[PDB]
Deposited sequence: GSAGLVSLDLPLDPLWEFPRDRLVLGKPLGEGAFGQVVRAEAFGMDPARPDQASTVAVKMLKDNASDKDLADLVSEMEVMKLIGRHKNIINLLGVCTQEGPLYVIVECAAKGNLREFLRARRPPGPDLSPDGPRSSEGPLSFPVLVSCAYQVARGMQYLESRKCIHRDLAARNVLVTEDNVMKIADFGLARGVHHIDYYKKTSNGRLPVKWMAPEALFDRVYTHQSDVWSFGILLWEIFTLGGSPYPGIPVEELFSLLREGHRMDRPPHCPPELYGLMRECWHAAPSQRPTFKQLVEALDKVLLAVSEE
């Protein structure tokens, strides 16, 4: 190891107390940790953080993936609705990528655990939707494309604030593998815009399509999209302009939003800037 030292981002690893694993990724692993003095004004002050390090039985490509990921994260910048990079540990030990801890975990499982027999009110549901749209609007302003916007990649803090993250996906040979079923049985192709799935074209508008799927997940309280459609059957359905039906207890105002995001033509889909405005109008009204 001979990784460069960026004092701006560098944090002493001895100021980290590692704890509870939060999840195994495809090249890294996220663990919960206590950090001391993340704020140099309060150097003995504890704070809860999440640390990404290399997975067990890791190769040289995995290290390059975690390094490239670290380099991208340094440029993302700070915004209330995107995961915030706090520091890194690159010197005299294993490579650590530190971000803020979102105490309530990923949005999919946050929603799934809070299904009524209720903890989730409709205006809190709109807020989750609005917050994710706000984060995405920031990403697009920084010319950043997500490629895999889903509820499972959005995190929930103790205060129910949404933070866009990116944990997946497995690599194929030369490109990302969207077809591989995740550990949690998720099929990533179900969030893919037609131009991303059929033409390998990724824009902010393809992320808009993905947002429409994420919206469906919020308003089904963590439902899996196209509830019983194998991925082979899904392709014809999409080509032929068929879209998911309005869910059991989803207001038309929000289902209409999903439909705008799923317009076959990327140019006829709204922008994240227009989605923030329409979700703010719904949130204010409710």
query: Stretches with no C-alpha position, numbering per deposited sequence from 1; finding: 1 to 7, 125 to 137, 307 to 309
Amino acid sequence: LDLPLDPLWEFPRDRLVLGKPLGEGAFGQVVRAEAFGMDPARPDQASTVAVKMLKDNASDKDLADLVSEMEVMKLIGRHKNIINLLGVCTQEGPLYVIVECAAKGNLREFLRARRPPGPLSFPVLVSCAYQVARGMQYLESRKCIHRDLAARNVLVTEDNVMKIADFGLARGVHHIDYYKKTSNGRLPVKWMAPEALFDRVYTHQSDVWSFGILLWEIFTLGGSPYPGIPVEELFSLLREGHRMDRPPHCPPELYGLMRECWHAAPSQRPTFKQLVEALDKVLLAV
From here on, numbers count along this sequence of modelled residues.
query	finding
Higher-B stretch (mean Cα B-factor, as the entry records it), 153 to 161 or 108 to 116	108 to 116
Comparing 48 to 56 with 22 to 30, the one whose average Cα B-factor in the PDB entry is higher	22 to 30
Per the PDB entry, maximal CA B factor within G135, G87, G212, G77	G77
C-alpha B-factor winner, where the candidates are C261, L254, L66, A41	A41
Chain thirds of CA B-factor: placement of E195	middle
For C128, the third of its chain into which the C-alpha B factor falls	lowest
Third of the chain, ranked by Cα B-factor, where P225 sits	lowest
Third assignment of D245 from its chain's C-alpha B-factors	middle
Lowest, middle or highest third - CA B-factor, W216	lowest
